[PDB]
Amino acid sequence: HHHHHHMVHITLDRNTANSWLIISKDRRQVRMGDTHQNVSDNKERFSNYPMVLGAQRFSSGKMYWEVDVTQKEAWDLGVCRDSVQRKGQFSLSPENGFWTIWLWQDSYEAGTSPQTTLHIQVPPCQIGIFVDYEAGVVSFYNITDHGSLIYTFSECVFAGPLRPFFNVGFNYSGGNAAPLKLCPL
Ligand SMILES: CC[C@H](NC)c1ccncc1
């Protein structure tokens, strides 16, 4: 791909984080803590899952960023509407305002309803995410495999401002403690 020139500097929004997440001082890394991180509750925080949003809101244009997923067993990545549900149980789907892919139990899937199997020959250590607001496109790229396409959501109905979306996943196994990291431009 040739989307690198639309690179944007993403930072994480502490106020949206699940209360067990630990965000680095530079707001570029996030990981699951082993306990509640001693923050007050608020209506923005994702309650049920280890999720957090980027601070940036996008309503036009072309945007690109990259995320490091090295040594993780489970995670979700993509974009979502600013108005997505924060509290309780929900599925990641375009009907609920999410355009995402994930790793779970040694398989990669796109967050369609129902979910779509991905075909990845080279497990990615870094993911590139491209959003074209006007075109209604969200695309995912395998940076480890020379930028190869993973998945394209097209005919997207964003229906509002978009925010970068992250889920570090649970760590029931003891093998999923590693952070998500926003990679340098
Ligand atoms: C408290 C249940 C669960 N422990 C892994 C949990 C659920 C949601 N956020 C953080 C942690």
# chains A, B, ... in the order shown; residues from 1 in each chain; ligands from 1

call {"tool": "select_by_dssp", "arguments": {"residues": "stretch 60-155 of chain A", "states": "strand (DSSP E)", "output": "JSON, numbers by chain"}}
result
{"A": [62, 63, 64, 65, 66, 67, 68, 75, 76, 77, 78, 79, 80, 81, 98, 99, 100, 101, 102, 103, 104, 107, 108, 109, 110, 116, 117, 126, 127, 128, 129, 130, 131, 132, 137, 138, 139, 140, 141, 142, 148, 149, 150, 151, 152, 153]}

call {"tool": "write_last_selection", "arguments": {"atoms": "N, CA and C atoms", "output": "compact mmCIF listing (two decimals), in the first residue's frame"}}
result
# COMPACT_ATOMS: atom_id res chain seq x y z
N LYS A 62 -8.54 11.29 4.95
CA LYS A 62 -7.84 10.01 4.93
C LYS A 62 -6.87 10.03 6.10
N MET A 63 -6.84 8.95 6.88
CA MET A 63 -6.03 8.82 8.10
C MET A 63 -5.37 7.44 8.11
N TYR A 64 -4.17 7.33 8.64
CA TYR A 64 -3.41 6.06 8.69
C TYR A 64 -2.66 6.05 10.01
N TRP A 65 -2.66 4.92 10.70
CA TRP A 65 -1.76 4.74 11.87
C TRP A 65 -1.37 3.25 11.97
N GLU A 66 -0.38 2.97 12.83
CA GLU A 66 0.14 1.59 13.03
C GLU A 66 0.20 1.21 14.50
N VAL A 67 -0.13 -0.04 14.78
CA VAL A 67 -0.17 -0.56 16.15
C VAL A 67 0.70 -1.80 16.24
N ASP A 68 1.54 -1.86 17.29
CA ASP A 68 2.37 -3.04 17.60
C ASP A 68 1.59 -4.01 18.48
N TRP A 75 -6.57 -9.58 21.08
CA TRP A 75 -6.73 -8.09 20.96
C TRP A 75 -7.78 -7.82 19.91
N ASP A 76 -8.35 -6.63 20.00
CA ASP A 76 -9.23 -6.07 18.93
C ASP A 76 -8.63 -4.72 18.50
N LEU A 77 -8.70 -4.35 17.22
CA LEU A 77 -8.20 -3.05 16.71
C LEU A 77 -9.13 -2.57 15.62
N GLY A 78 -9.31 -1.24 15.59
CA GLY A 78 -9.93 -0.60 14.41
C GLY A 78 -10.36 0.81 14.75
N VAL A 79 -11.58 1.14 14.32
CA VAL A 79 -12.24 2.44 14.62
C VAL A 79 -13.66 2.19 15.09
N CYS A 80 -14.22 3.21 15.72
CA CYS A 80 -15.62 3.12 16.11
C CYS A 80 -16.25 4.51 16.12
N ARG A 81 -17.56 4.54 16.09
CA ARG A 81 -18.29 5.81 16.31
C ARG A 81 -17.96 6.39 17.68
N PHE A 98 -18.85 -0.29 15.10
CA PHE A 98 -17.43 -0.72 15.15
C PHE A 98 -16.96 -1.30 13.82
N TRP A 99 -15.75 -0.93 13.40
CA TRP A 99 -15.08 -1.50 12.20
C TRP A 99 -13.72 -2.00 12.68
N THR A 100 -13.65 -3.32 12.94
CA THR A 100 -12.54 -3.91 13.73
C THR A 100 -12.12 -5.27 13.14
N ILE A 101 -10.90 -5.64 13.48
CA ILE A 101 -10.40 -7.05 13.33
C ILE A 101 -9.88 -7.48 14.70
N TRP A 102 -9.67 -8.77 14.84
CA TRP A 102 -9.15 -9.29 16.11
C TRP A 102 -8.38 -10.57 15.91
N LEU A 103 -7.58 -10.86 16.96
CA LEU A 103 -6.95 -12.17 17.18
C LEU A 103 -7.60 -12.80 18.40
N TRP A 104 -7.95 -14.09 18.31
CA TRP A 104 -8.57 -14.84 19.41
C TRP A 104 -8.33 -16.32 19.16
N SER A 107 -6.73 -17.66 15.84
CA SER A 107 -7.34 -17.26 14.54
C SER A 107 -7.59 -15.76 14.49
N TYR A 108 -7.50 -15.21 13.29
CA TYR A 108 -7.81 -13.78 13.02
C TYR A 108 -9.15 -13.69 12.34
N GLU A 109 -9.99 -12.75 12.77
CA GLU A 109 -11.36 -12.56 12.21
C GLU A 109 -11.70 -11.07 12.11
N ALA A 110 -12.47 -10.70 11.08
CA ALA A 110 -13.04 -9.36 10.97
C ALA A 110 -14.37 -9.32 11.69
N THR A 116 -16.08 -12.79 10.11
CA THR A 116 -15.47 -13.29 8.87
C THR A 116 -14.08 -13.81 9.17
N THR A 117 -13.75 -15.03 8.72
CA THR A 117 -12.39 -15.58 8.80
C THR A 117 -11.39 -14.81 7.97
N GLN A 126 2.97 -5.94 13.65
CA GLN A 126 2.41 -4.56 13.56
C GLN A 126 1.33 -4.52 12.47
N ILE A 127 0.24 -3.82 12.79
CA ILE A 127 -1.00 -3.69 11.98
C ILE A 127 -1.05 -2.23 11.54
N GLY A 128 -1.32 -1.98 10.25
CA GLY A 128 -1.65 -0.65 9.74
C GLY A 128 -3.15 -0.51 9.51
N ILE A 129 -3.70 0.63 9.95
CA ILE A 129 -5.16 0.92 9.85
C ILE A 129 -5.34 2.18 9.01
N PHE A 130 -6.11 2.06 7.95
CA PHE A 130 -6.38 3.16 7.00
C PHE A 130 -7.87 3.42 6.99
N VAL A 131 -8.25 4.70 7.17
CA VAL A 131 -9.66 5.16 7.10
C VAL A 131 -9.77 6.22 6.00
N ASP A 132 -10.69 5.99 5.08
CA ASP A 132 -11.10 7.03 4.08
C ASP A 132 -12.55 7.37 4.42
N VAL A 137 -14.50 3.65 3.78
CA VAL A 137 -13.56 2.48 3.75
C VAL A 137 -12.76 2.46 5.05
N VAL A 138 -12.60 1.26 5.59
CA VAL A 138 -11.59 0.97 6.66
C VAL A 138 -10.78 -0.25 6.19
N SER A 139 -9.48 -0.11 6.10
CA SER A 139 -8.61 -1.21 5.64
C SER A 139 -7.52 -1.47 6.67
N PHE A 140 -7.10 -2.73 6.70
CA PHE A 140 -6.11 -3.27 7.65
C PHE A 140 -5.00 -3.89 6.83
N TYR A 141 -3.76 -3.64 7.24
CA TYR A 141 -2.54 -4.07 6.52
C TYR A 141 -1.59 -4.79 7.48
N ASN A 142 -0.89 -5.80 6.95
CA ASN A 142 0.09 -6.62 7.71
C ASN A 142 1.47 -6.00 7.51
N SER A 148 0.95 -6.25 3.25
CA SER A 148 -0.11 -7.00 2.54
C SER A 148 -1.49 -6.71 3.13
N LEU A 149 -2.51 -6.68 2.30
CA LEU A 149 -3.89 -6.45 2.79
C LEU A 149 -4.38 -7.60 3.65
N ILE A 150 -4.98 -7.25 4.79
CA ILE A 150 -5.69 -8.17 5.67
C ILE A 150 -7.18 -8.17 5.37
N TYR A 151 -7.79 -6.97 5.38
CA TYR A 151 -9.26 -6.89 5.28
C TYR A 151 -9.65 -5.44 4.91
N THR A 152 -10.70 -5.31 4.09
CA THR A 152 -11.33 -4.01 3.75
C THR A 152 -12.81 -4.08 4.04
N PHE A 153 -13.27 -3.20 4.96
CA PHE A 153 -14.70 -2.86 5.10
C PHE A 153 -14.98 -1.73 4.09

call {"tool": "residues_around", "arguments": {"residues": "residue A:161", "least_positions_apart": "4", "cutoff": "9 Å", "atoms": "only C-alpha atoms", "output": "PyMOL selection string"}}
result
chain A and resi 57-60+80-83

call {"tool": "closest_atom_pairs", "arguments": {"of": "chain A", "to": "ligand 1", "cutoff": "9 Å", "atoms": "only C-alpha atoms and all ligand atoms", "output": "CSV"}}
result
residue,atom,partner,partner_atom_place_in_ligand_line,distance
A:18,CA,ligand 1,9 (N),6.1
A:19,CA,ligand 1,10 (C),6.8
A:20,CA,ligand 1,10 (C),5.5
A:21,CA,ligand 1,10 (C),8.2
A:32,CA,ligand 1,10 (C),8.5
A:33,CA,ligand 1,10 (C),8.9
A:34,CA,ligand 1,5 (C),8.3
A:35,CA,ligand 1,11 (C),7.7
A:36,CA,ligand 1,10 (C),7.5
A:46,CA,ligand 1,9 (N),8.0
A:47,CA,ligand 1,8 (C),5.8
A:48,CA,ligand 1,8 (C),4.2
A:49,CA,ligand 1,8 (C),4.8
A:50,CA,ligand 1,9 (N),5.7
A:51,CA,ligand 1,9 (N),8.7
A:170,CA,ligand 1,5 (C),6.2
A:171,CA,ligand 1,5 (C),7.3
A:172,CA,ligand 1,5 (C),7.1

call {"tool": "closest_residue", "arguments": {"among": "A:41, A:155, A:134, A:95", "to": "residue A:15", "atoms": "only C-alpha atoms"}}
result
A:41

call {"tool": "atom_distance", "arguments": {"atom1": "atom CA of residue A:162", "atom2": "atom CA of residue A:7"}}
result
15.8 Å

call {"tool": "closest_residue", "arguments": {"among": "A:26, A:73, A:145, A:106", "to": "residue A:14", "atoms": "only C-alpha atoms"}}
result
A:26

call {"tool": "atom_distance", "arguments": {"atom1": "atom CA of residue A:23", "atom2": "atom CA of residue A:69"}}
result
15.3 Å

call {"tool": "atom_distance", "arguments": {"atom1": "atom CA of residue A:168", "atom2": "atom CA of residue A:40"}}
result
20.5 Å

call {"tool": "closest_residue", "arguments": {"among": "A:146, A:3, A:25, A:181", "to": "residue A:71", "atoms": "only C-alpha atoms"}}
result
A:181

call {"tool": "closest_residue", "arguments": {"among": "A:72, A:119, A:163, A:9", "to": "residue A:28", "atoms": "only C-alpha atoms"}}
result
A:9

call {"tool": "closest_residue", "arguments": {"among": "A:24, A:167, A:144, A:105", "to": "residue A:122", "atoms": "only C-alpha atoms"}}
result
A:144

call {"tool": "residues_around", "arguments": {"residues": "residue A:53", "least_positions_apart": "3", "cutoff": "8 Å", "atoms": "only C-alpha atoms", "output": "mmCIF file with C-alpha atoms, in the first residue's frame"}}
result
data_model
loop_
_atom_site.group_PDB
_atom_site.id
_atom_site.type_symbol
_atom_site.label_atom_id
_atom_site.label_comp_id
_atom_site.auth_asym_id
_atom_site.auth_seq_id
_atom_site.Cartn_x
_atom_site.Cartn_y
_atom_site.Cartn_z
ATOM 1 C CA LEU A 12 -4.971 7.333 23.987
ATOM 2 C CA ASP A 13 -7.800 8.998 25.983
ATOM 3 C CA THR A 16 -12.415 6.305 28.127
ATOM 4 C CA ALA A 17 -10.209 3.463 29.449
ATOM 5 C CA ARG A 163 -12.335 7.390 17.079
ATOM 6 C CA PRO A 164 -9.390 4.948 17.033
ATOM 7 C CA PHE A 165 -10.468 1.813 18.964
ATOM 8 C CA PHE A 166 -8.317 -0.647 21.029
#

call {"tool": "closest_residue", "arguments": {"among": "A:10, A:84, A:38, A:114", "to": "residue A:184", "atoms": "only C-alpha atoms"}}
result
A:10
